[PDB]
RNA sequence: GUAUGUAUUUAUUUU
RNA sequence: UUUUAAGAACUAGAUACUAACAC
RNA sequence: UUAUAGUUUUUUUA
C-alpha cells in the first residue's frame, strides 16, 4: 500500500490532465486513419 | 447497387479468411482450408505455408510490416513481410479463431475455443464468455476489445473485466467496426448495431464500407447489402455456385482501403464492384 | 358517399382477417367490419341480458354509439382503427382472450396494438369513453364462451 | 416557503377544491324532492378559480322545482329569516378557499365581506342575484355560508359540513401532510380472496440501478428497463407496465421520480378500466408508495388503499424468466397481460396455489439458483409459452413444494445462527407466511 | 444533492 | 545488421477503492 | 427523510 503510495506525486488534477491529453491523442490517431482510409478510396476530406 | 466484377479460383480447399494490405491496397492475404496462404494481387504473388491445419484468421498490421496468422493448430504465428519467414510463435490456446491487432499499442488480441481473450505482448487474460469466442476487435479508446461468443452475448472489455454486456442477441458469429465509433454485430436472423437492421431469415461475416454501406454474407449464398444509417436493405444478391448447392456461401469478406472481396466456400474468391 | 354504400352491403361478415389490419386500401372495409362485429356482440349480450350484468348493458351501448357511427363512416384515424381491430381480432379467437386484453392495455395506454398471434396514439374524452366500454365487450365474451 | 412548497403539490390545492365541493356536487346533486329541486346546474369551472383570488363568480346554480323565497342575506348560522322578500328559481353557491393567518382567523368578516362586495360588484358573474357563500380557511379548518335564504337547507349544510370537513379525503391529505412537516402524531389475512377485486402492486423492479465503469475511476450508477408488476391473486391476468429507460432521461434522482411514475401508471390503468373491472383495494409491500399512490388516489374515494400488516417476499419477480425476457425486449413502453398460475385453477383452488406460489418466491429469494435448477432440473417436460414455472405432474408440484419449503428452514437454521430443531410451530408458520 | 468542461457538418468548391 | 518471452492448463478467494443503492 | 445537501465553526443535559 505505502510502497505504491509514495510513487505518485501529483494529485487528482494532474492525473486528470494526463488522461485528457492522451484521449486527445487517440482522437487524433482515429481522425487520421479516418483520413488515411478515405485516401485509400481517393476521396480527400479536409481536416477541421 | 453492386455487381460481380471478377472470379478468382485457385485455392484447393475452402477460403476461411481474407485481409487486405492496409497501406497500398496492392494485395490480399487469404487463408484457406488447405493450411496455405495465397497472396493475391488486387494474379497470385506468393504462397505462405507453415500451418499444419486450417487457417481460421489472418490480420495484417498497420505500423508494422508484420502479418499475424492464426489457425486451428493452437498457435498464433507472426510473419515478417520483408523476408517472408515465421518470426515468432505465441501460445496459450490448446484452436484460436480470431486475431485482431490493437492499433496503437503493439499488442495482439487472440481468441478461440479457449473461451478467453489473450492480450499478447507483441500479458493479459480476460475471463469472460461462457462459450467459444468467434470474433474479436480492437479500439483505441475505451473499450479496447469487443468480443462475441456462442453464448449469444457481446462484451465490451476494459483491459487495464467487462465494462459492458450486450445480451440482445438470441451465437454472434461476426462483428465489424465502422471505420462513427460503433460496431455492427451479427446473429442468425438479426443484424444489430451497437454504439437495428431489417432482416427476414438470412440465417446464417459483415464488412463496413467507408460510405456507410453494411455488407452481410449469407450461408444461403445471398449477399445482403444494407445502408448503415437506416437499417434499410437496398439489395440482395445470389452468387452462382460453380461448375453443390450446399457449397454456396460466403465465408469472409472485406473492402479495400469501392471494391468488395469475398472468399466463398466453393473454393473461389470473388470481387464485387 | 362510399361509406353510405359499404354500410348497406350484406356481403361483409363480422370475421376479421388480421392481414388486413394495417392495410391502407382496406381501411374502409375493416372499419365497417369492426362496426358489424361490435353490434353482433351487443346482440348476443342482449339475447342473454338477464344472465350477464344486465345493469351495465345500457351504459355500454350509449358509450359505444359514437364509436359505431364513426366506424360506419370511416372516421377513425389509422392508428386507432389498427389498435381496435387488433383487440377485436384476438377476441374472435377463444384461446386468445389474453392477447386481446394485452392489446386492450396498449390501446388504453395510447400505444398502437398490432396482432400478436400473427408506435403511439392520442386519446380524447369521448374517445376514452368508448375505449372503456370495449373492456366490457371482452368480459362479456369470456363469460359467453365459458357459459354454454 | 420550503415547507409549504412541500405541503401543496400536483395542485393539491385545486384537488382540494374539487374533492370538497364537487363531492357536494354529489350530495346535493341528488336531494331533489324535499327542497323542491328541478336539477343541479353548475357552470363549468375554469381551472384557475381555485388558486386565483382576484375575483370570484357564482359556482353551482340551484334551479328550483317551482319557486323560492329569498330573505335578506344571512349566515348559515345566522338564524331567523323571513324568506318572502323575493323569489327565484336559479341560484348558486360561492364556495372558496383561503389559508388564513393569525390576523384574520375569523372568516365571517371575510365571508360577508367578500360575499357582499362580490354580489354588489360588476365583475362578479351571476345567473341569479341571490345565492350562498361557503368559504374555508384550511388554516384553522373553518368554513361558513352567508347566503340569501329560502328555507330547509340550513341543517343539510350544517351536518353535511360536519361530514365533509371530517371526510372528503383531500382534507385528510393535508392533515396527514401537515403532520408530516410538523412531526406530530399523537403517542399513546385470508380475506385477500374475498369477491371484490384485490390487486398486487410491487415496485422493487421498477428502477434497476446498474453499476458501470467510471471514465477515470469511481463507481458509476445507471439503470436498465423495469416494469410495474401488478396482479390480482385470484383470476391471474398480469398487468405489466413496461418501464423503458428512455423514461428517466434527463431529470433528478429517480427515487422520487420512480415512486411517482409508479403511482401515475397504476392510477391511469385504474381510471381507464371499467367500473366493473376496477379494484376495490390495492395491496403493496413497499410503503414508500403510499404518498404517490394516495395523492393520485384522491380522485376515487370509492377505492380504498390498504397496506401490509405482515412480512412479505415479493422482490423475486424478475428472476423467473419469461416475463423478464419480455422486460428486456421492449423497444417502447407498453402494457402486457399474462398468466400467473400456469393453470392452477383446474387442479386446485387459487388458495393453496397461492401458498405454493409464495413458497416458490421464497426459495427464489434465499438461495436462488439451487431453486432454479430444482425447477428446470429435468426440462424434458417443457414449459409452454403461456406457462412460466416448469410444468409438472401432481407429485412434482407437491414434493417441490416440500423442497423449496425446506430451503429457508435449513439455510435458515444454518445461516441465521439459531437452530431449526428447537423451533416452535408459530415461528415456522411465520417465516412460511412471511 | 451539484457547479464545470467537451463534440454535436445538413445542403458534393473544378485536376 | 538488431530481438527474444520459460511456455500451457487448472483454482479459490483476502485485502482493496469507490455506490446521486438498501436502515 | 422529504421540495435537497460547501460552506452558513459539524455536533452536549438540567
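Laboratory data are not the source of any read-out in this text; all were calculated from the coordinates shown. In this analysis, Cβ positions are derived from the backbone assuming ideal geometry, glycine residues included, and neighbour counts consider all displayed protein chains.
In nm, to one decimal, how far is the modelled label at residue D:33 from the one at residue A:36, with both set 7 Å along Cα→Cβ?
Reported label-point gap for residue D:33 and residue A:36 is 9.7 nm.
Taking only C-alpha pairs under 8 Å that are 6+ residues apart, what is the relative contact order of segment D:308-391 in percent?
Contact order relative to length: 39 percent.
In Å, what Kirkwood hydrodynamic radius results for chain A from the alpha-carbon pair distances?
Result for chain A, one decimal place: 13.6 Å.
Peptide A:19-32: average number of partner chain Cβ atoms within 10 Å per residue?
Mean partner-chain Cβ count within 10 Å for A:19-32: 2.
State the extension gain, in nm to one decimal, for the chain segment bounded by residue D:72 and residue D:46, taking 0.36 nm per residue of separation less the distance between their alpha-carbons.
Roughly 6.4 nm would be gained on extension.
Which value at 222 nm does the protein assembly as shown reach when only helices count, each DSSP H run of 4 or more adding -39,500 (n - 2.57), with the total divided by all residues and rounded to the nearest 500 deg cm²/dmol?
Result for the protein assembly as shown, helices only: -9500 deg cm²/dmol.
In angstroms, what radius of gyration and Dmax does segment B:20-142 have, counting Cα atoms only?
14.0, 43
If I take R0 = 25 Å and measure r between the Cβ atoms of residue D:315 and residue C:19 in this structure, what FRET efficiency does the formula 1/(1 + (r/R0)^6) give, to the nearest 0.05?
That gives a FRET efficiency of 0.05.
Between residue D:187 and residue A:8, what is the FRET efficiency for a Förster distance of 56 Å, r being their Cβ-Cβ separation, to the nearest 0.05?
Once rounded, the FRET efficiency stands at 0.50.
Tell me, how many Å apart are the Cα centres for segment D:89-124 and for segment D:1-43?
16
Please report D:81, D:144 as a ranked list, fewest other C-beta atoms within 10 angstrom at the top and most at the bottom.
D:81, D:144
Can you figure out the FRET efficiency of residue D:105 with residue D:159, using R₀ = 22 Å and their beta-carbon distance, to the nearest 0.05?
0.40
Under 12 Å from a label point 7 Å along Cα→Cβ of residue D:246: give me every residue in segment C:82-114 with its amide N that close.
Residues C:111-112 fall inside that zone.
Would you mind ranking D:172, D:185 so that the residue whose beta carbon has the fewest other beta carbons within 10 Å leads the list?
Fewest to most other Cβ atoms nearby, the residues stand as D:185, D:172.
In nm, to one decimal, how far is the modelled label at residue B:85 from the one at residue C:57, with both set 7 Å along Cα→Cβ?
Here the answer is 10.0 nm between the modelled labels.
Based on alpha-carbon centroids, what's the gap between segment D:145-193 and segment C:39-74 in Å, whole number please?
Using only Cα atoms, the two centres lie 40 Å from each other.
For C:98-110, what's the mean count of beta carbons from other chains sitting within 10 Å of each residue's beta carbon?
6
So between residue D:396 and residue D:300, what do we pick up on full extension, going 0.36 nm a residue minus the alpha carbon distance?
30.1 nm
Just need the relative contact order of segment D:244-383 here, percent rounded to a whole number, with Cα pairs under 8 Å and 6+ apart.
Relative contact order for segment D:244-383 comes out at 21 percent.
So what are the radius of gyration and Dmax for the Cα set of segment C:1-111, in Å?
For segment C:1-111, the Cα-based Rg and Dmax read 14.1, 41 Å.
Between segment C:87-142 and segment D:391-430, how far is it from one alpha carbon centroid to the other, in angstrom?
Result: 43 Å between the Cα centres.
Using only the C-alpha atoms of segment C:84-148, find the volume of their convex hull and express it per residue in Å³.
69
What's the ranking of D:41-54, B:224-237, B:63-76 by average number of surrounding C-beta atoms within 10 Å, highest first?
B:63-76, B:224-237, D:41-54
By how many degrees, between 0 and 90 and to the nearest 10, does the Cα long axis of helix A:12-40 differ from the longest principal axis of chain A?
20
Using only the alpha carbons, work out the radius of gyration and Dmax of chain B in angstrom.
17.4, 52
Label-point separation (nm) for residue A:17 and residue C:43, each offset 7 Å from Cα along Cα-to-Cβ?
8.5
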